[PDB]
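Data block for upload.cif (mmCIF, C-alpha atoms; chains and numbers go by the auth columns):
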data_target
loop_
_atom_site.group_PDB
_atom_site.id
_atom_site.type_symbol
_atom_site.label_atom_id
_atom_site.label_comp_id
_atom_site.label_asym_id
_atom_site.label_seq_id
_atom_site.Cartn_x
_atom_site.Cartn_y
_atom_site.Cartn_z
_atom_site.B_iso_or_equiv
_atom_site.auth_seq_id
_atom_site.auth_asym_id
ATOM 1 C CA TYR A 1 -22.448 -19.254 -198.485 0.00 531 A
ATOM 2 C CA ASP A 2 -24.765 -19.625 -195.497 0.00 532 A
ATOM 3 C CA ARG A 3 -25.190 -16.509 -193.363 0.00 533 A
ATOM 4 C CA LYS A 4 -27.550 -18.172 -190.893 0.00 534 A
ATOM 5 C CA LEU A 5 -24.979 -20.910 -190.262 0.00 535 A
ATOM 6 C CA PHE A 6 -22.270 -18.264 -189.842 0.00 536 A
ATOM 7 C CA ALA A 7 -24.345 -16.540 -187.135 0.00 537 A
ATOM 8 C CA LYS A 8 -24.869 -19.916 -185.435 0.00 538 A
ATOM 9 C CA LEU A 9 -21.097 -20.629 -185.561 0.00 539 A
ATOM 10 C CA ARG A 10 -20.301 -17.227 -184.003 0.00 540 A
ATOM 11 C CA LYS A 11 -22.793 -17.936 -181.178 0.00 541 A
ATOM 12 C CA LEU A 12 -21.255 -21.368 -180.468 0.00 542 A
ATOM 13 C CA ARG A 13 -17.738 -19.893 -180.417 0.00 543 A
ATOM 14 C CA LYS A 14 -18.922 -17.170 -178.017 0.00 544 A
ATOM 15 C CA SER A 15 -20.461 -19.802 -175.699 0.00 545 A
ATOM 16 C CA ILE A 16 -17.274 -21.895 -175.630 0.00 546 A
ATOM 17 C CA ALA A 17 -15.024 -18.828 -175.194 0.00 547 A
ATOM 18 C CA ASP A 18 -17.152 -17.328 -172.405 0.00 548 A
ATOM 19 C CA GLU A 19 -17.315 -20.642 -170.521 0.00 549 A
ATOM 20 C CA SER A 20 -13.568 -21.187 -171.026 0.00 550 A
ATOM 21 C CA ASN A 21 -12.904 -17.513 -170.161 0.00 551 A
ATOM 22 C CA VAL A 22 -10.783 -16.833 -173.267 0.00 552 A
ATOM 23 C CA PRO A 23 -11.135 -14.299 -176.112 0.00 553 A
ATOM 24 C CA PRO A 24 -13.293 -15.758 -178.914 0.00 554 A
ATOM 25 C CA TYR A 25 -10.396 -15.703 -181.425 0.00 555 A
ATOM 26 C CA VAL A 26 -8.443 -18.105 -179.169 0.00 556 A
ATOM 27 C CA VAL A 27 -11.097 -20.727 -180.036 0.00 557 A
ATOM 28 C CA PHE A 28 -11.262 -19.927 -183.776 0.00 558 A
ATOM 29 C CA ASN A 29 -10.686 -16.755 -185.764 0.00 559 A
ATOM 30 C CA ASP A 30 -13.310 -15.293 -188.129 0.00 560 A
ATOM 31 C CA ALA A 31 -11.709 -16.699 -191.325 0.00 561 A
ATOM 32 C CA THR A 32 -11.990 -20.261 -189.963 0.00 562 A
ATOM 33 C CA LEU A 33 -15.688 -19.672 -189.225 0.00 563 A
ATOM 34 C CA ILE A 34 -16.259 -18.207 -192.710 0.00 564 A
ATOM 35 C CA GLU A 35 -14.697 -21.279 -194.342 0.00 565 A
ATOM 36 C CA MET A 36 -16.851 -23.498 -192.101 0.00 566 A
ATOM 37 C CA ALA A 37 -19.944 -21.558 -193.230 0.00 567 A
ATOM 38 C CA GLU A 38 -18.743 -22.115 -196.810 0.00 568 A
ATOM 39 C CA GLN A 39 -17.490 -25.730 -196.860 0.00 569 A
ATOM 40 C CA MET A 40 -19.993 -26.896 -194.204 0.00 570 A
ATOM 41 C CA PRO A 41 -17.700 -29.634 -192.800 0.00 571 A
ATOM 42 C CA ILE A 42 -19.541 -32.559 -191.182 0.00 572 A
ATOM 43 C CA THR A 43 -16.715 -35.116 -190.874 0.00 573 A
ATOM 44 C CA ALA A 44 -13.318 -35.013 -189.150 0.00 574 A
ATOM 45 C CA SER A 45 -11.481 -35.069 -192.501 0.00 575 A
ATOM 46 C CA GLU A 46 -13.639 -32.235 -193.892 0.00 576 A
ATOM 47 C CA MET A 47 -12.916 -30.216 -190.731 0.00 577 A
ATOM 48 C CA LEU A 48 -9.141 -30.729 -191.009 0.00 578 A
ATOM 49 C CA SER A 49 -9.051 -29.091 -194.459 0.00 579 A
ATOM 50 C CA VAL A 50 -10.490 -25.877 -192.964 0.00 580 A
ATOM 51 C CA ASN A 51 -7.693 -23.376 -192.247 0.00 581 A
ATOM 52 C CA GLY A 52 -6.990 -22.791 -188.568 0.00 582 A
ATOM 53 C CA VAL A 53 -8.274 -26.262 -187.715 0.00 583 A
ATOM 54 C CA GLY A 54 -5.445 -28.543 -186.629 0.00 584 A
ATOM 55 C CA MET A 55 -5.650 -31.814 -184.675 0.00 585 A
ATOM 56 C CA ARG A 56 -5.346 -29.860 -181.403 0.00 586 A
ATOM 57 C CA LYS A 57 -8.372 -27.649 -182.137 0.00 587 A
ATOM 58 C CA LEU A 58 -10.265 -30.637 -183.558 0.00 588 A
ATOM 59 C CA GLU A 59 -9.960 -32.605 -180.289 0.00 589 A
ATOM 60 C CA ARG A 60 -10.853 -29.685 -177.996 0.00 590 A
ATOM 61 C CA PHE A 61 -13.591 -27.983 -180.068 0.00 591 A
ATOM 62 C CA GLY A 62 -14.370 -30.223 -183.062 0.00 592 A
ATOM 63 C CA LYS A 63 -17.442 -32.152 -181.894 0.00 593 A
ATOM 64 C CA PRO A 64 -19.692 -29.189 -180.901 0.00 594 A
ATOM 65 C CA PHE A 65 -18.891 -27.445 -184.181 0.00 595 A
ATOM 66 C CA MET A 66 -19.408 -30.506 -186.373 0.00 596 A
ATOM 67 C CA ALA A 67 -22.669 -31.255 -184.554 0.00 597 A
ATOM 68 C CA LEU A 68 -23.883 -27.670 -185.069 0.00 598 A
ATOM 69 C CA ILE A 69 -23.172 -27.784 -188.827 0.00 599 A
ATOM 70 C CA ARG A 70 -24.725 -31.262 -189.246 0.00 600 A
ATOM 71 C CA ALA A 71 -27.909 -30.176 -187.398 0.00 601 A
ATOM 72 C CA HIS A 72 -28.202 -26.984 -189.469 0.00 602 A
ATOM 73 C CA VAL A 73 -27.808 -28.826 -192.808 0.00 603 A
ATOM 74 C CA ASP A 74 -30.201 -31.618 -191.764 0.00 604 A
ATOM 75 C CA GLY A 75 -32.799 -28.955 -190.943 0.00 605 A
ATOM 76 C CA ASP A 76 -32.960 -29.479 -187.179 0.00 606 A
ATOM 77 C CA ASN B 1 -9.330 5.450 -199.903 0.00 530 B
ATOM 78 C CA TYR B 2 -9.607 2.091 -198.156 0.00 531 B
ATOM 79 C CA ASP B 3 -12.493 0.275 -196.460 0.00 532 B
ATOM 80 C CA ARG B 4 -11.880 0.997 -192.767 0.00 533 B
ATOM 81 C CA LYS B 5 -14.264 -1.738 -191.659 0.00 534 B
ATOM 82 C CA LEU B 6 -12.261 -4.279 -193.671 0.00 535 B
ATOM 83 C CA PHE B 7 -8.913 -2.904 -192.431 0.00 536 B
ATOM 84 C CA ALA B 8 -10.038 -3.390 -188.810 0.00 537 B
ATOM 85 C CA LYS B 9 -11.110 -6.982 -189.628 0.00 538 B
ATOM 86 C CA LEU B 10 -7.743 -7.681 -191.274 0.00 539 B
ATOM 87 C CA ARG B 11 -6.026 -6.228 -188.218 0.00 540 B
ATOM 88 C CA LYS B 12 -7.923 -8.604 -185.892 0.00 541 B
ATOM 89 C CA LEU B 13 -7.216 -11.599 -188.138 0.00 542 B
ATOM 90 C CA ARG B 14 -3.507 -10.736 -188.259 0.00 543 B
ATOM 91 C CA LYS B 15 -3.351 -10.391 -184.463 0.00 544 B
ATOM 92 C CA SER B 16 -5.019 -13.805 -184.106 0.00 545 B
ATOM 93 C CA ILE B 17 -2.616 -15.587 -186.496 0.00 546 B
ATOM 94 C CA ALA B 18 0.447 -13.779 -185.116 0.00 547 B
ATOM 95 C CA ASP B 19 -0.486 -14.603 -181.494 0.00 548 B
ATOM 96 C CA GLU B 20 -1.084 -18.237 -182.500 0.00 549 B
ATOM 97 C CA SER B 21 2.371 -18.504 -184.118 0.00 550 B
ATOM 98 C CA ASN B 22 4.138 -16.366 -181.480 0.00 551 B
ATOM 99 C CA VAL B 23 5.532 -13.816 -183.961 0.00 552 B
ATOM 100 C CA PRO B 24 5.319 -10.003 -184.194 0.00 553 B
ATOM 101 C CA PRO B 25 2.220 -8.971 -186.217 0.00 554 B
ATOM 102 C CA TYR B 26 4.363 -7.553 -189.089 0.00 555 B
ATOM 103 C CA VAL B 27 5.916 -11.000 -189.629 0.00 556 B
ATOM 104 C CA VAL B 28 2.460 -12.011 -190.899 0.00 557 B
ATOM 105 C CA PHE B 29 1.778 -8.795 -192.864 0.00 558 B
ATOM 106 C CA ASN B 30 2.810 -5.232 -192.017 0.00 559 B
ATOM 107 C CA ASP B 31 0.269 -2.379 -191.675 0.00 560 B
ATOM 108 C CA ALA B 32 0.964 -0.973 -195.168 0.00 561 B
ATOM 109 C CA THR B 33 0.223 -4.363 -196.754 0.00 562 B
ATOM 110 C CA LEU B 34 -3.079 -4.672 -194.856 0.00 563 B
ATOM 111 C CA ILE B 35 -4.055 -1.176 -195.976 0.00 564 B
ATOM 112 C CA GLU B 36 -3.294 -2.114 -199.595 0.00 565 B
ATOM 113 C CA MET B 37 -5.483 -5.210 -199.080 0.00 566 B
ATOM 114 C CA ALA B 38 -8.282 -2.994 -197.741 0.00 567 B
ATOM 115 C CA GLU B 39 -7.810 -0.784 -200.852 0.00 568 B
ATOM 116 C CA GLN B 40 -7.513 -3.514 -203.514 0.00 569 B
ATOM 117 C CA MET B 41 -9.562 -6.266 -201.828 0.00 570 B
ATOM 118 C CA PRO B 42 -7.608 -9.198 -203.343 0.00 571 B
ATOM 119 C CA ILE B 43 -9.656 -12.355 -203.698 0.00 572 B
ATOM 120 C CA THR B 44 -7.401 -14.713 -205.724 0.00 573 B
ATOM 121 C CA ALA B 45 -3.782 -15.904 -205.542 0.00 574 B
ATOM 122 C CA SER B 46 -2.811 -13.648 -208.480 0.00 575 B
ATOM 123 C CA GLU B 47 -4.377 -10.567 -206.889 0.00 576 B
ATOM 124 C CA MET B 48 -2.707 -11.272 -203.529 0.00 577 B
ATOM 125 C CA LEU B 49 0.702 -11.541 -205.263 0.00 578 B
ATOM 126 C CA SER B 50 0.105 -8.069 -206.741 0.00 579 B
ATOM 127 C CA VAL B 51 0.149 -6.666 -203.213 0.00 580 B
ATOM 128 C CA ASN B 52 3.409 -5.241 -201.827 0.00 581 B
ATOM 129 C CA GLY B 53 4.860 -7.415 -199.067 0.00 582 B
ATOM 130 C CA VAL B 54 3.088 -10.554 -200.308 0.00 583 B
ATOM 131 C CA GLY B 55 5.198 -13.146 -202.074 0.00 584 B
ATOM 132 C CA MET B 56 4.567 -16.843 -202.682 0.00 585 B
ATOM 133 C CA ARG B 57 5.798 -17.873 -199.201 0.00 586 B
ATOM 134 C CA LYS B 58 3.401 -15.586 -197.302 0.00 587 B
ATOM 135 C CA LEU B 59 0.595 -16.548 -199.694 0.00 588 B
ATOM 136 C CA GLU B 60 1.191 -20.244 -198.909 0.00 589 B
ATOM 137 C CA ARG B 61 1.430 -19.618 -195.148 0.00 590 B
ATOM 138 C CA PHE B 62 -1.211 -16.914 -194.551 0.00 591 B
ATOM 139 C CA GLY B 63 -3.050 -16.419 -197.840 0.00 592 B
ATOM 140 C CA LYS B 64 -6.131 -18.610 -197.447 0.00 593 B
ATOM 141 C CA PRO B 65 -7.581 -17.029 -194.253 0.00 594 B
ATOM 142 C CA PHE B 66 -7.026 -13.451 -195.496 0.00 595 B
ATOM 143 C CA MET B 67 -8.597 -14.212 -198.892 0.00 596 B
ATOM 144 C CA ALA B 68 -11.558 -15.900 -197.148 0.00 597 B
ATOM 145 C CA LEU B 69 -12.028 -12.791 -194.989 0.00 598 B
ATOM 146 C CA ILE B 70 -11.821 -10.371 -197.918 0.00 599 B
ATOM 147 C CA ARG B 71 -14.152 -12.513 -200.099 0.00 600 B
ATOM 148 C CA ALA B 72 -16.738 -12.636 -197.305 0.00 601 B
ATOM 149 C CA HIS B 73 -16.501 -8.891 -196.743 0.00 602 B
ATOM 150 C CA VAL B 74 -16.966 -7.910 -200.408 0.00 603 B
ATOM 151 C CA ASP B 75 -20.034 -10.166 -200.574 0.00 604 B
ATOM 152 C CA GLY B 76 -21.385 -8.701 -197.314 0.00 605 B
ATOM 153 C CA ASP B 77 -21.260 -12.192 -195.808 0.00 606 B
ATOM 154 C CA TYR C 1 -23.949 -40.420 -181.342 0.00 531 C
ATOM 155 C CA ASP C 2 -27.755 -40.523 -181.554 0.00 532 C
ATOM 156 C CA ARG C 3 -28.791 -37.423 -183.561 0.00 533 C
ATOM 157 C CA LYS C 4 -32.482 -37.521 -182.605 0.00 534 C
ATOM 158 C CA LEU C 5 -31.538 -37.738 -178.922 0.00 535 C
ATOM 159 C CA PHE C 6 -29.105 -34.841 -179.309 0.00 536 C
ATOM 160 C CA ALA C 7 -31.983 -32.799 -180.777 0.00 537 C
ATOM 161 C CA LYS C 8 -34.250 -33.730 -177.844 0.00 538 C
ATOM 162 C CA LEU C 9 -31.454 -32.845 -175.354 0.00 539 C
ATOM 163 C CA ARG C 10 -31.064 -29.426 -177.015 0.00 540 C
ATOM 164 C CA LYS C 11 -34.815 -28.757 -176.685 0.00 541 C
ATOM 165 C CA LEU C 12 -34.866 -29.650 -172.982 0.00 542 C
ATOM 166 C CA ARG C 13 -31.766 -27.485 -172.418 0.00 543 C
ATOM 167 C CA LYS C 14 -33.405 -24.534 -174.206 0.00 544 C
ATOM 168 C CA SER C 15 -36.534 -24.894 -172.103 0.00 545 C
ATOM 169 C CA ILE C 16 -34.588 -24.938 -168.792 0.00 546 C
ATOM 170 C CA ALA C 17 -32.331 -22.051 -169.918 0.00 547 C
ATOM 171 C CA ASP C 18 -35.254 -19.943 -171.182 0.00 548 C
ATOM 172 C CA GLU C 19 -37.121 -20.395 -167.893 0.00 549 C
ATOM 173 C CA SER C 20 -33.946 -19.559 -165.973 0.00 550 C
ATOM 174 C CA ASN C 21 -33.058 -16.571 -168.212 0.00 551 C
ATOM 175 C CA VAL C 22 -29.563 -17.916 -168.965 0.00 552 C
ATOM 176 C CA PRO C 23 -27.700 -18.802 -172.200 0.00 553 C
ATOM 177 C CA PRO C 24 -28.201 -22.539 -172.941 0.00 554 C
ATOM 178 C CA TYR C 25 -24.495 -23.421 -172.359 0.00 555 C
ATOM 179 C CA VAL C 26 -24.802 -22.364 -168.704 0.00 556 C
ATOM 180 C CA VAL C 27 -27.104 -25.353 -168.101 0.00 557 C
ATOM 181 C CA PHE C 28 -24.844 -27.798 -170.020 0.00 558 C
ATOM 182 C CA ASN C 29 -22.448 -26.952 -172.853 0.00 559 C
ATOM 183 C CA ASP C 30 -22.789 -28.459 -176.337 0.00 560 C
ATOM 184 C CA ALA C 31 -19.956 -30.954 -175.756 0.00 561 C
ATOM 185 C CA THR C 32 -21.697 -32.261 -172.634 0.00 562 C
ATOM 186 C CA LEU C 33 -24.965 -32.829 -174.557 0.00 563 C
ATOM 187 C CA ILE C 34 -23.034 -34.668 -177.275 0.00 564 C
ATOM 188 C CA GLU C 35 -21.480 -37.001 -174.681 0.00 565 C
ATOM 189 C CA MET C 36 -24.949 -37.643 -173.241 0.00 566 C
ATOM 190 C CA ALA C 37 -26.119 -38.464 -176.781 0.00 567 C
ATOM 191 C CA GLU C 38 -23.083 -40.742 -177.129 0.00 568 C
ATOM 192 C CA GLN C 39 -23.156 -42.647 -173.842 0.00 569 C
ATOM 193 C CA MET C 40 -26.865 -42.258 -173.025 0.00 570 C
ATOM 194 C CA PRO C 41 -26.443 -42.082 -169.207 0.00 571 C
ATOM 195 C CA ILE C 42 -29.489 -43.194 -167.219 0.00 572 C
ATOM 196 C CA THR C 43 -28.243 -43.603 -163.629 0.00 573 C
ATOM 197 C CA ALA C 44 -26.825 -40.833 -161.426 0.00 574 C
ATOM 198 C CA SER C 45 -23.416 -42.514 -161.561 0.00 575 C
ATOM 199 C CA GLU C 46 -23.560 -42.717 -165.361 0.00 576 C
ATOM 200 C CA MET C 47 -24.586 -39.049 -165.523 0.00 577 C
ATOM 201 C CA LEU C 48 -21.709 -38.065 -163.209 0.00 578 C
ATOM 202 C CA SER C 49 -19.272 -39.829 -165.606 0.00 579 C
ATOM 203 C CA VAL C 50 -20.161 -37.258 -168.292 0.00 580 C
ATOM 204 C CA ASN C 51 -17.711 -34.338 -168.591 0.00 581 C
ATOM 205 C CA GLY C 52 -19.185 -31.132 -167.150 0.00 582 C
ATOM 206 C CA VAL C 53 -21.744 -32.896 -164.901 0.00 583 C
ATOM 207 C CA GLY C 54 -20.947 -32.430 -161.226 0.00 584 C
ATOM 208 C CA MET C 55 -23.151 -33.105 -158.211 0.00 585 C
ATOM 209 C CA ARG C 56 -24.400 -29.480 -158.134 0.00 586 C
ATOM 210 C CA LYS C 57 -25.703 -29.634 -161.718 0.00 587 C
ATOM 211 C CA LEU C 58 -27.077 -33.146 -161.141 0.00 588 C
ATOM 212 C CA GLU C 59 -29.214 -32.004 -158.193 0.00 589 C
ATOM 213 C CA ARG C 60 -30.369 -28.956 -160.177 0.00 590 C
ATOM 214 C CA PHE C 61 -30.846 -30.270 -163.750 0.00 591 C
ATOM 215 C CA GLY C 62 -30.230 -34.013 -163.471 0.00 592 C
ATOM 216 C CA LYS C 63 -33.642 -35.672 -163.173 0.00 593 C
ATOM 217 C CA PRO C 64 -35.275 -34.123 -166.310 0.00 594 C
ATOM 218 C CA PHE C 65 -32.270 -35.132 -168.451 0.00 595 C
ATOM 219 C CA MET C 66 -32.179 -38.657 -167.027 0.00 596 C
ATOM 220 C CA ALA C 67 -35.925 -39.062 -167.630 0.00 597 C
ATOM 221 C CA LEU C 68 -35.557 -37.789 -171.214 0.00 598 C
ATOM 222 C CA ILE C 69 -32.658 -40.137 -172.058 0.00 599 C
ATOM 223 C CA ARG C 70 -34.427 -43.120 -170.493 0.00 600 C
ATOM 224 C CA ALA C 71 -37.712 -42.434 -172.337 0.00 601 C
ATOM 225 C CA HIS C 72 -35.737 -42.193 -175.589 0.00 602 C
ATOM 226 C CA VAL C 73 -33.841 -45.479 -175.146 0.00 603 C
ATOM 227 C CA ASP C 74 -37.010 -47.340 -174.152 0.00 604 C
ATOM 228 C CA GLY C 75 -39.298 -45.843 -176.821 0.00 605 C
ATOM 229 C CA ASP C 76 -41.732 -43.839 -174.669 0.00 606 C
#
Would you mind writing the file out in structure tokens?
Amino acid sequence: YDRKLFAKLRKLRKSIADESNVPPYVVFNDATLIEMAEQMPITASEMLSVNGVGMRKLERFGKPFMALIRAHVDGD
Amino acid sequence: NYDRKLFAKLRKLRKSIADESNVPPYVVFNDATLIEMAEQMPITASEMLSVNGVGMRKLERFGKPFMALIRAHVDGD
Amino acid sequence: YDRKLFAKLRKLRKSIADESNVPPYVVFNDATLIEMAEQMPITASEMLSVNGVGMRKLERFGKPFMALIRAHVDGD
């Protein structure tokens, strides 16, 4: 598990939710973020196996989240 | 006694999943089940099935996210 | 998308946001930066084609981002 990545995921979700003017959970719930911080999905397929992530959420939110995880793992 | 911090997390997760699916919160898990989860902190399929109000159907449908939340809590993650 | 450009775009965004005392997303959101990294817009018209880039933001933040992208694509 990566705690630093989890904090980064929470911050991204907050940014998207604030800009979109929706409660953070409407973007993703905490369990989805935890799995992301565990599985560290970097591809579309990897993202779609994370619970809470359907094709709808993948199109709207997928790129920023994948990019964040990729950058964290690559050490940027 | 149950972990009140975990119960409140489970409550928020349930609200999120229930709102998503457009069902009453109890249709996911009722309050008594959540409290039992906050008491027993189930982390595997077997442990979840030991909890009142959790059968194989609910485990299939809702199990993963709740287990992920409990596992992260018990590890302080 | 170009990952090294995306990194550079994030750094410029952070610098503008820090100076302005705003969260980075308020300058441009993550998805907008990713599209810039994808399409590498150099002209004003190309920049305006990017989601989340209106004329107001262009006047305010446009020139530094255009200069950055151009210097990246050319090897400056």
Checklist entry - So which one's closest to chain C, A:572, A:537, A:598, A:577? Using all atoms listed in the file, please. => result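 Between A:572, A:537, A:598, A:577, the residue approaching chain C most closely is A:598.
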Using only C-alpha atoms, what does the table of chain C residues within 10 Å of chain A look like, with each row giving the shortest atom pair and its distance in Å to one decimal, sorted by chain and ascending number, as CSV?
residue,atom,partner,partner_atom,distance
C:531,CA,A:597,CA,9.8
C:533,CA,A:601,CA,8.2
C:534,CA,A:606,CA,9.3
C:536,CA,A:597,CA,9.0
C:537,CA,A:606,CA,7.3
C:553,CA,A:545,CA,8.1
C:554,CA,A:545,CA,8.7
C:555,CA,A:545,CA,6.4
C:556,CA,A:549,CA,7.9
C:559,CA,A:546,CA,7.7
C:560,CA,A:594,CA,5.6
C:561,CA,A:594,CA,5.4
C:562,CA,A:594,CA,9.0
C:563,CA,A:594,CA,9.0
C:564,CA,A:594,CA,7.4
C:565,CA,A:593,CA,9.6
Item to check | Computed interatomic separation between CA of residue 566 in chain C and CA of residue 580 in chain C (Å) | outcome: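 Taking CA of residue 566 in chain C and CA of residue 580 in chain C, their separation equals 6.9 Å.
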Item to check | Picked residues, the PyMOL selection byres ((chain B and resi 561) around 12), expected as a VMD selection string | outcome: chain B and resid 531 536 539 to 540 555 557 to 560 562 to 568 580 to 583
Checklist entry - Suppose you want the space between CA of residue 592 in chain B and CA of residue 575 in chain A; what is it in Å? => result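 Taking CA of residue 592 in chain B as the start and CA of residue 575 in chain A as the end point, the length is 21.2 Å.
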Item to check | Contact set, chain B to chain A: 12 Å, all atoms listed in the file, as an MDAnalysis selection string | outcome: chainID B and resid 538:550 589:602 604:606
Checklist entry - What is the CA of residue 585 in chain C to CA of residue 588 in chain A distance in Å? => result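 Interatomic distance here is 28.5 Å.
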Kindly list the centre and edge lengths in Å, rounded to one decimal, for the axis-aligned box that covers all listed atoms of range 590-597 of chain C plus 8 Å on each of its six sides, as JSON.
{"center_x": -33.1, "center_y": -34.0, "center_z": -164.3, "size_x": 21.7, "size_y": 26.1, "size_z": 24.3}
Since the input lacks atoms, please generate N, CA and C atoms for range 544-556 of chain B and provide them as a PDB file, in the coordinates of the input.
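Result file selection.pdb:
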ATOM      1  N   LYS B 544      -3.683 -10.232-185.878  1.00  0.00           N
ATOM      2  CA  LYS B 544      -3.351 -10.391-184.463  1.00  0.00           C
ATOM      3  C   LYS B 544      -3.549 -11.846-184.030  1.00  0.00           C
ATOM      4  N   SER B 545      -4.676 -12.424-184.436  1.00  0.00           N
ATOM      5  CA  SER B 545      -5.019 -13.805-184.106  1.00  0.00           C
ATOM      6  C   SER B 545      -3.975 -14.814-184.602  1.00  0.00           C
ATOM      7  N   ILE B 546      -3.576 -14.679-185.868  1.00  0.00           N
ATOM      8  CA  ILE B 546      -2.616 -15.587-186.496  1.00  0.00           C
ATOM      9  C   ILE B 546      -1.210 -15.372-185.938  1.00  0.00           C
ATOM     10  N   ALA B 547      -0.851 -14.109-185.698  1.00  0.00           N
ATOM     11  CA  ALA B 547       0.447 -13.779-185.116  1.00  0.00           C
ATOM     12  C   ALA B 547       0.583 -14.307-183.688  1.00  0.00           C
ATOM     13  N   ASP B 548      -0.449 -14.090-182.870  1.00  0.00           N
ATOM     14  CA  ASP B 548      -0.486 -14.603-181.494  1.00  0.00           C
ATOM     15  C   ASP B 548      -0.377 -16.129-181.460  1.00  0.00           C
ATOM     16  N   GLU B 549      -1.120 -16.785-182.354  1.00  0.00           N
ATOM     17  CA  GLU B 549      -1.084 -18.237-182.500  1.00  0.00           C
ATOM     18  C   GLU B 549       0.338 -18.746-182.756  1.00  0.00           C
ATOM     19  N   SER B 550       1.043 -18.077-183.669  1.00  0.00           N
ATOM     20  CA  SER B 550       2.371 -18.504-184.118  1.00  0.00           C
ATOM     21  C   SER B 550       3.504 -17.961-183.245  1.00  0.00           C
ATOM     22  N   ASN B 551       3.155 -17.127-182.267  1.00  0.00           N
ATOM     23  CA  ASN B 551       4.138 -16.366-181.480  1.00  0.00           C
ATOM     24  C   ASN B 551       5.179 -15.601-182.324  1.00  0.00           C
ATOM     25  N   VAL B 552       4.685 -14.723-183.189  1.00  0.00           N
ATOM     26  CA  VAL B 552       5.532 -13.816-183.961  1.00  0.00           C
ATOM     27  C   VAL B 552       4.963 -12.403-183.863  1.00  0.00           C
ATOM     28  N   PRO B 553       5.807 -11.385-184.064  1.00  0.00           N
ATOM     29  CA  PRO B 553       5.319 -10.003-184.194  1.00  0.00           C
ATOM     30  C   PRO B 553       4.321  -9.891-185.356  1.00  0.00           C
ATOM     31  N   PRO B 554       3.252  -9.117-185.178  1.00  0.00           N
ATOM     32  CA  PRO B 554       2.220  -8.971-186.217  1.00  0.00           C
ATOM     33  C   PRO B 554       2.777  -8.731-187.631  1.00  0.00           C
ATOM     34  N   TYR B 555       3.787  -7.869-187.770  1.00  0.00           N
ATOM     35  CA  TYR B 555       4.363  -7.553-189.089  1.00  0.00           C
ATOM     36  C   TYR B 555       4.932  -8.769-189.818  1.00  0.00           C
ATOM     37  N   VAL B 556       5.405  -9.751-189.051  1.00  0.00           N
ATOM     38  CA  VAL B 556       5.916 -11.000-189.629  1.00  0.00           C
ATOM     39  C   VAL B 556       4.836 -11.735-190.445  1.00  0.00           C
TER      40      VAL B 556
END
